[PDB]
Amino acid sequence: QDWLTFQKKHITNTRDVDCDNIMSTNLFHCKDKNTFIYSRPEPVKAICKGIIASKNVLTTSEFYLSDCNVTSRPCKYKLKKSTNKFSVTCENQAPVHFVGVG
C-alpha cells in the first residue's frame, strides 16, 4: 500500500529467508506464497523514480529473489532462490505493491 509496508513485505537482508518462521506471522498469515527481494532498499526504490501517478513498471535490472512457496503441508514452505526481473506498482516515486516476477 505504501513504501514502508512494501519494505516489510518484500525486502529481506538475507537470501536465506526462514519461511516457516516468517510466513506464520500475522503479516503473512500462512498464505500460499510470497516473494522477497534480497537487496538494499535504494536500488528497489530507484525503480520508481519520477513516476507520480500509480503505474506498473517492470525492472530494467535483475534482482536476487527468495520465494517462500507453500508445500503440500499447510503453512510449511520451500525456499526457492532465483534471479529475475519483476514488476511493481509505482506511486509517488516508490514501489507500493509487488505484482509479479519475470
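Residues numbered from 1 in each chain as written, not as in the entry; some residues may be left out. Heavy atoms only, no water. Residues with missing side-chain atoms left out of burial classes, pairs and counts.

Judging from the entry metadata, X-ray crystallography is the method by which this structure was determined, and 1.90 Å is the reported resolution.

Draft legend 1. Geometry of the sheet that holds strand β4 (residues 63-70). Pairing in this open sheet of 4 strands is mixed, and the strands run β1-β2-β4-β5 from one edge to the other. Taken across any chain shown, the strands that pair with only one partner, and hence form the sheet edges, are β1 (11-12) and β5 (77-84). Inspection of the sheet shows β4 paired to β5 by 8 bridges, in the antiparallel sense. Paired with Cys68 across the two strands is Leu79, which belongs to β5. (Pairing = 2+ DSSP bridges. Helix = DSSP H or I, 4+ residues; strand = E, 2+ residues; numbered from the N terminus.)

Draft legend 2. Representation of the packing of aromatic side chains within the structure. Under the definition given, this model contains 5 aromatic pairs. Ring geometry for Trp3 and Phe6: centres 6.0 Å apart, planes at 20°, overall stacked. With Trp3 and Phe6 both in helix α1 (residues 3-10) and 3 residues apart, this pair spans about one turn of that helix. Using a relative accessible area of 18% as the deciding quantity, one classes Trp3 as buried. (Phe/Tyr/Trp six-rings, centres within 6.5 Å; stacked < 30°, edge-to-face > 60°. Buried < 20%, exposed > 50% of the residue type's maximum accessible area, 1.4 Å probe, protein only.)

Draft legend 3. Broad picture of the UniProt feature "binding site: substrate" in the chain. According to UniProt, the feature "binding site: substrate" maps to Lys31, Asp32, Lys33, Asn34 and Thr35 in the numbering used here. Within the secondary structure, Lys31 is located in the loop between α2 (19-22) and β2 (33-38). A relative accessible area of 28% places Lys31 in the partly exposed class. Not counting chain neighbours up to four residues away, the residues in contact with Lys31 comprise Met23 and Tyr77. Relative to the assigned elements, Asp32 resides in the loop between α2 and β2. A residue is classified by how much of its surface remains accessible, and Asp32, at 58% relative accessible area, is exposed. The residues touching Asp32, leaving out its near neighbours within four places in the chain, are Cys68, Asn69, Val70 and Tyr77. (UniProt positions renumbered as here; feature names shortened; annotations may be inferred. Contact = heavy atoms within 4.5 Å.)

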